[PDB]
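A.B. asks: Pasting in a structure now, in structure tokens, and then I'll have a few things to ask.
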Amino acid sequence: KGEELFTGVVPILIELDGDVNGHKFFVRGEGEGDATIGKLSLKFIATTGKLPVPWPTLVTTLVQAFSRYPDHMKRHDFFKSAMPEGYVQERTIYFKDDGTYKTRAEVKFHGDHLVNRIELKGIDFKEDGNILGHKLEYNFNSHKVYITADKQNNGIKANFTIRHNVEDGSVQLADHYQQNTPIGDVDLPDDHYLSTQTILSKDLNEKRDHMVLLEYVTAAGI
Ligand code: NI
């Protein structure tokens with residue numbers, strides 16, 4: 001089943017097992033996606049208590065199959081074509097003048113849910129840096145995710161740079177290098193990009209440390 005799985009609203013489960021400079025945390029997320037409009041609506045909870053890192057640094061790690069690929073570009077949608085068996089998503093993320101995240105995730109269908117299970121390791125972060133010092137604004141800018149085919153691994157690669165606003169009005173850059181490979185035996189796409197927009201908010205009833213996330217993503221560049 002390719003794409004067909006993304007007609008209407010699909011419930012989402014996300015789990016992240018994290019370790020940054022030796023500080024462990026676990027994040028669980030739930031919500032919904034509608035790929036026909038490229039919309040995600042999600043709520044994440046840190047079940048281990050307050051996070052050792054700011055929530056915005058985890059957004060990109062925490063289901064690009066929910067991009068809306070317009071009709072003339074549906075032959076380039078690797079993410080959905082790999083479903084339901086799914087794909088492995090791996091990243092190295094370099095925070096400029098600070099530490100790096102290494103991530104590995106399995107994205108696939110379990111029943112009617114799309115499930116993103118993630119392991120994250122963070123190393124060489126500076127206390128007195130923007131991440132461990134929590135100097136990042138609680139918001140998110142809009143970016144372009146540049147995608148190309150990786151024919152040798154039957155998948156794709158991607159690279160983009162996230163701009164995180166800092167308290168003092170400067171910007172903290174996070175360079176993302178990404179690789180996706182299918183879990184089974186897909187649509188391999190011509191060079192294109194995803195245009196991303198994101199809002200980060202709070203559930204006023206929620207006592208636990210958490211993040212509500214609203215995302216709109218569309219493909220373009222063809
Ligand atoms: Ni420490």
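In the structure tokens, the first chain shown is A, the next is B, and so on; residue numbers restart at 1 for each chain, and ligands run from 1 in the order shown.
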Around ligand 1, at most 10 Å away and counting only C-alpha atoms and all ligand atoms, which residues are there? Put them as a list in words, please.
C.D. replies: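 Selection of residues at most 10 Å from ligand 1: residues 20, 21, 22, 23, 52, 125, 126, 127 and 132 of chain A.
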A.B. asks: If you run DSSP on this backbone, which residues of stretch 136-220 of chain A come out as strand (DSSP E or B), and could you give them as a ChimeraX atom specification?
C.D. replies: /A:136,143-150,155-166,171-182,192-201,210-220
A.B. asks: Leaving out residue A:33 and any residue of its chain fewer than 3 positions from it, which residues lie within 8 Å of it when counting only C-alpha atoms, given as a PDB file with N, CA, C and O atoms, in the first residue's frame?
C.D. replies:
ATOM      1  N   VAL A   9      -7.271  11.515   7.791  1.00  0.00           N
ATOM      2  CA  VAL A   9      -6.528  11.791   9.009  1.00  0.00           C
ATOM      3  C   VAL A   9      -5.961  10.510   9.588  1.00  0.00           C
ATOM      4  O   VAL A   9      -6.660   9.532   9.706  1.00  0.00           O
ATOM      5  N   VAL A  10      -4.677  10.529   9.922  1.00  0.00           N
ATOM      6  CA  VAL A  10      -3.975   9.354  10.416  1.00  0.00           C
ATOM      7  C   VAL A  10      -3.475   9.653  11.828  1.00  0.00           C
ATOM      8  O   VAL A  10      -2.837  10.672  12.045  1.00  0.00           O
ATOM      9  N   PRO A  11      -3.811   8.802  12.805  1.00  0.00           N
ATOM     10  CA  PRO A  11      -3.289   9.014  14.169  1.00  0.00           C
ATOM     11  C   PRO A  11      -1.796   8.697  14.253  1.00  0.00           C
ATOM     12  O   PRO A  11      -1.324   7.793  13.564  1.00  0.00           O
ATOM     13  N   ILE A  12      -1.075   9.433  15.102  1.00  0.00           N
ATOM     14  CA  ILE A  12       0.384   9.351  15.190  1.00  0.00           C
ATOM     15  C   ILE A  12       0.858   9.053  16.612  1.00  0.00           C
ATOM     16  O   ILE A  12       0.366   9.650  17.557  1.00  0.00           O
ATOM     17  N   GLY A  38      -0.982  18.474   4.215  1.00  0.00           N
ATOM     18  CA  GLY A  38       0.330  18.656   4.824  1.00  0.00           C
ATOM     19  C   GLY A  38       0.336  19.166   6.259  1.00  0.00           C
ATOM     20  O   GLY A  38       1.306  19.801   6.676  1.00  0.00           O
ATOM     21  N   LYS A  39      -0.678  18.800   7.037  1.00  0.00           N
ATOM     22  CA  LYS A  39      -0.815  19.275   8.421  1.00  0.00           C
ATOM     23  C   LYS A  39      -0.518  18.216   9.492  1.00  0.00           C
ATOM     24  O   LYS A  39      -0.971  17.084   9.393  1.00  0.00           O
ATOM     25  N   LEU A  40       0.269  18.597  10.506  1.00  0.00           N
ATOM     26  CA  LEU A  40       0.474  17.803  11.724  1.00  0.00           C
ATOM     27  C   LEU A  40      -0.043  18.589  12.903  1.00  0.00           C
ATOM     28  O   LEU A  40       0.215  19.780  13.017  1.00  0.00           O
ATOM     29  N   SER A  41      -0.701  17.889  13.809  1.00  0.00           N
ATOM     30  CA  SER A  41      -1.076  18.413  15.088  1.00  0.00           C
ATOM     31  C   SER A  41      -0.691  17.404  16.187  1.00  0.00           C
ATOM     32  O   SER A  41      -1.226  16.308  16.226  1.00  0.00           O
ATOM     33  N   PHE A  66       4.029  13.017   6.130  1.00  0.00           N
ATOM     34  CA  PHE A  66       2.860  13.906   6.193  1.00  0.00           C
ATOM     35  C   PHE A  66       2.986  15.184   5.380  1.00  0.00           C
ATOM     36  O   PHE A  66       2.049  15.988   5.390  1.00  0.00           O
TER      37      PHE A  66
END
A.B. asks: Would you please extract all alpha helix (DSSP H) residues from stretch 6-198 of chain A, as assigned by DSSP on the backbone, and give them as a list in words?
C.D. replies: residues 78, 79, 80 and 81 of chain A
A.B. asks: Go ahead and save the picked residues with N, CA, C and O atoms, as a JSON list (two decimals), in the first residue's frame.
C.D. replies:
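Dumped to out.json:
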[["chain", "number", "residue", "atom", "x", "y", "z"],
["A", 78, "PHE", "N", 9.08, 9.73, -1.61],
["A", 78, "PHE", "CA", 9.73, 8.55, -1.07],
["A", 78, "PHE", "C", 9.07, 8.12, 0.23],
["A", 78, "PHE", "O", 8.83, 6.93, 0.46],
["A", 79, "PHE", "N", 8.77, 9.10, 1.08],
["A", 79, "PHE", "CA", 8.36, 8.84, 2.45],
["A", 79, "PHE", "C", 7.11, 7.96, 2.54],
["A", 79, "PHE", "O", 7.13, 6.93, 3.20],
["A", 80, "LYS", "N", 6.07, 8.32, 1.79],
["A", 80, "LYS", "CA", 4.85, 7.50, 1.72],
["A", 80, "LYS", "C", 5.05, 6.18, 0.96],
["A", 80, "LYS", "O", 4.46, 5.17, 1.32],
["A", 81, "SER", "N", 5.85, 6.17, -0.09],
["A", 81, "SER", "CA", 6.00, 4.97, -0.90],
["A", 81, "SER", "C", 6.60, 3.82, -0.10],
["A", 81, "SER", "O", 6.39, 2.67, -0.43]]
A.B. asks: May I have the residues within 10 Å of stretch 107-116 of chain A as a ChimeraX atom specification, using only C-alpha atoms and disregarding those fewer than 3 positions away in the same chain?
C.D. replies: /A:5-6,10-16,29-33,61-66,79-80,82-89,180,182-183
A.B. asks: Would you pick out the contacts of stretch 68-70 of chain A at 9 Å or less, using only C-alpha atoms, so that residues sharing its chain but fewer than 2 positions from it are not included, and give the list as a list in words?
C.D. replies: residues 34, 35, 36, 37, 38, 39, 65, 66, 72, 73, 74, 75, 76, 77, 194, 216, 217, 218, 219 and 220 of chain A
A.B. asks: Can you write out the residues you just picked, keeping N, CA and C atoms, as a PDB file, in the first residue's frame?
C.D. replies:
ATOM      1  N   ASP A  34      -2.686  14.973   8.492  1.00  0.00           N
ATOM      2  CA  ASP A  34      -3.447  14.917   7.279  1.00  0.00           C
ATOM      3  C   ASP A  34      -2.526  15.308   6.122  1.00  0.00           C
ATOM      4  N   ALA A  35      -2.031  14.302   5.402  1.00  0.00           N
ATOM      5  CA  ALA A  35      -1.070  14.535   4.339  1.00  0.00           C
ATOM      6  C   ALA A  35      -1.702  15.171   3.107  1.00  0.00           C
ATOM      7  N   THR A  36      -3.018  15.078   2.967  1.00  0.00           N
ATOM      8  CA  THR A  36      -3.678  15.709   1.835  1.00  0.00           C
ATOM      9  C   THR A  36      -3.612  17.249   1.952  1.00  0.00           C
ATOM     10  N   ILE A  37      -3.406  17.787   3.160  1.00  0.00           N
ATOM     11  CA  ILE A  37      -3.134  19.228   3.346  1.00  0.00           C
ATOM     12  C   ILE A  37      -1.770  19.508   3.974  1.00  0.00           C
ATOM     13  N   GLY A  38      -0.982  18.474   4.215  1.00  0.00           N
ATOM     14  CA  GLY A  38       0.330  18.656   4.824  1.00  0.00           C
ATOM     15  C   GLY A  38       0.336  19.166   6.259  1.00  0.00           C
ATOM     16  N   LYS A  39      -0.678  18.800   7.037  1.00  0.00           N
ATOM     17  CA  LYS A  39      -0.815  19.275   8.421  1.00  0.00           C
ATOM     18  C   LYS A  39      -0.518  18.216   9.492  1.00  0.00           C
ATOM     19  N   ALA A  65       6.508  11.862   5.971  1.00  0.00           N
ATOM     20  CA  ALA A  65       5.429  11.259   5.157  1.00  0.00           C
ATOM     21  C   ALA A  65       4.138  12.080   5.185  1.00  0.00           C
ATOM     22  N   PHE A  66       4.029  13.017   6.130  1.00  0.00           N
ATOM     23  CA  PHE A  66       2.860  13.906   6.193  1.00  0.00           C
ATOM     24  C   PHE A  66       2.986  15.184   5.380  1.00  0.00           C
ATOM     25  N   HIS A  72       1.459  16.939  -9.354  1.00  0.00           N
ATOM     26  CA  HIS A  72       2.556  16.891 -10.308  1.00  0.00           C
ATOM     27  C   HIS A  72       3.871  16.408  -9.679  1.00  0.00           C
ATOM     28  N   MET A  73       3.897  16.256  -8.355  1.00  0.00           N
ATOM     29  CA  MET A  73       5.078  15.771  -7.647  1.00  0.00           C
ATOM     30  C   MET A  73       4.906  14.447  -6.893  1.00  0.00           C
ATOM     31  N   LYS A  74       3.761  13.795  -7.027  1.00  0.00           N
ATOM     32  CA  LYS A  74       3.503  12.571  -6.265  1.00  0.00           C
ATOM     33  C   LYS A  74       4.423  11.400  -6.629  1.00  0.00           C
ATOM     34  N   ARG A  75       5.032  11.415  -7.810  1.00  0.00           N
ATOM     35  CA  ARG A  75       6.047  10.420  -8.150  1.00  0.00           C
ATOM     36  C   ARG A  75       7.369  10.602  -7.411  1.00  0.00           C
ATOM     37  N   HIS A  76       7.523  11.699  -6.671  1.00  0.00           N
ATOM     38  CA  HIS A  76       8.757  11.974  -5.922  1.00  0.00           C
ATOM     39  C   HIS A  76       8.660  11.810  -4.401  1.00  0.00           C
ATOM     40  N   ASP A  77       7.583  11.194  -3.927  1.00  0.00           N
ATOM     41  CA  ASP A  77       7.283  11.077  -2.498  1.00  0.00           C
ATOM     42  C   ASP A  77       7.806   9.734  -1.969  1.00  0.00           C
ATOM     43  N   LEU A 194      11.193  20.483   0.678  1.00  0.00           N
ATOM     44  CA  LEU A 194      10.035  20.645   1.519  1.00  0.00           C
ATOM     45  C   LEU A 194      10.098  22.026   2.158  1.00  0.00           C
ATOM     46  N   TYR A 216       2.844  22.731   9.125  1.00  0.00           N
ATOM     47  CA  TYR A 216       2.370  22.657   7.757  1.00  0.00           C
ATOM     48  C   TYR A 216       3.595  22.499   6.831  1.00  0.00           C
ATOM     49  N   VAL A 217       3.615  21.407   6.061  1.00  0.00           N
ATOM     50  CA  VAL A 217       4.726  21.106   5.141  1.00  0.00           C
ATOM     51  C   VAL A 217       4.192  20.786   3.749  1.00  0.00           C
ATOM     52  N   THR A 218       4.728  21.461   2.734  1.00  0.00           N
ATOM     53  CA  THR A 218       4.438  21.125   1.325  1.00  0.00           C
ATOM     54  C   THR A 218       5.731  20.953   0.520  1.00  0.00           C
ATOM     55  N   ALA A 219       5.702  20.045  -0.455  1.00  0.00           N
ATOM     56  CA  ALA A 219       6.837  19.838  -1.341  1.00  0.00           C
ATOM     57  C   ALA A 219       6.748  20.795  -2.511  1.00  0.00           C
ATOM     58  N   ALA A 220       7.896  21.167  -3.045  1.00  0.00           N
ATOM     59  CA  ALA A 220       7.986  22.001  -4.217  1.00  0.00           C
ATOM     60  C   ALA A 220       9.357  21.893  -4.831  1.00  0.00           C
TER      61      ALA A 220
END
A.B. asks: Using only C-alpha atoms, can you tell me which of A:59, A:118, A:147, A:27 comes closest to residue A:162?
C.D. replies: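 Nearest candidate to residue A:162 out of A:59, A:118, A:147, A:27: A:59.
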A.B. asks: Counting only C-alpha atoms, what is within 7 Å of residue A:19, bar same-chain residues fewer than 4 positions away, as an NGL selection string?
C.D. replies: :A and (23-25 or 120-122)
A.B. asks: Any idea what's packed within 7 Å of residue A:212, counting only C-alpha atoms, ignoring anything in its chain fewer than 2 positions away? Could you give it as a list in words?
C.D. replies: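 With the cut-off at 7 Å, the set is residues 42, 43, 44, 200, 201, 202, 203, 210 and 214 of chain A.
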A.B. asks: Mind writing the picked residues with N, CA, C and O atoms as a compact mmCIF listing (two decimals), in the first residue's frame?
C.D. replies:
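Final file, result13.txt:
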# COMPACT_ATOMS: atom_id res chain seq x y z
N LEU A 42 0.23 17.78 17.07
CA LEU A 42 0.80 16.85 18.05
C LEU A 42 1.01 17.43 19.45
O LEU A 42 1.13 18.64 19.63
N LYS A 43 1.00 16.55 20.44
CA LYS A 43 1.33 16.89 21.81
C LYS A 43 2.38 15.92 22.33
O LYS A 43 2.20 14.71 22.27
N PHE A 44 3.47 16.48 22.83
CA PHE A 44 4.57 15.71 23.37
C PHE A 44 4.68 15.92 24.88
O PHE A 44 4.47 17.03 25.37
N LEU A 200 5.00 26.37 18.00
CA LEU A 200 5.13 25.67 19.28
C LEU A 200 4.32 26.37 20.37
O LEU A 200 4.49 27.56 20.60
N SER A 201 3.43 25.62 21.02
CA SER A 201 2.57 26.18 22.07
C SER A 201 2.45 25.22 23.27
O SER A 201 3.16 24.21 23.35
N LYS A 202 1.54 25.54 24.18
CA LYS A 202 1.36 24.80 25.41
C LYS A 202 -0.12 24.49 25.62
O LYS A 202 -0.97 25.29 25.29
N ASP A 203 -0.40 23.29 26.13
CA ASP A 203 -1.67 22.90 26.71
C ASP A 203 -1.77 23.45 28.12
O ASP A 203 -1.05 23.02 29.03
N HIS A 210 6.04 19.66 28.57
CA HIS A 210 5.40 19.26 27.32
C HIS A 210 5.54 20.30 26.23
O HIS A 210 5.96 21.44 26.46
N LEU A 214 2.23 22.43 15.98
CA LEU A 214 1.41 22.51 14.78
C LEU A 214 2.33 22.81 13.60
O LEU A 214 3.13 23.74 13.65
A.B. asks: Here is a test: counting only C-alpha atoms, which residue of A:46, A:105, A:93, A:222 is nearest to residue A:161?
C.D. replies: A:93
A.B. asks: Tell me which of A:98, A:106, A:17, A:190 sits closest to residue A:133, counting only C-alpha atoms.
C.D. replies: A:98
A.B. asks: Using only C-alpha atoms, which of A:198, A:170, A:57, A:67 sits nearest residue A:95?
C.D. replies: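 Smallest distance to residue A:95 is found for A:57.
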A.B. asks: Which is closer to residue A:143 than all the others in A:168, A:175, A:4, A:119, using only C-alpha atoms?
C.D. replies: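 Of A:168, A:175, A:4, A:119, the one nearest residue A:143, counting only C-alpha atoms, is A:175.
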A.B. asks: So the first atom is atom CA of residue A:90 and the second is atom CA of residue A:179; what is the distance between them in Å, to one decimal place?
C.D. replies: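 Answer for the atom CA of residue A:90 to atom CA of residue A:179 separation: 5.3 Å.
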A.B. asks: When you draw a straight line from atom CA of residue A:137 to atom CA of residue A:54, how long is it in Å?
C.D. replies: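 Those two atoms sit 8.8 Å apart.
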A.B. asks: Would you compute the distance between atom CA of residue A:139 and atom CA of residue A:191? Give it in Å to one decimal.
C.D. replies: 28.9 Å
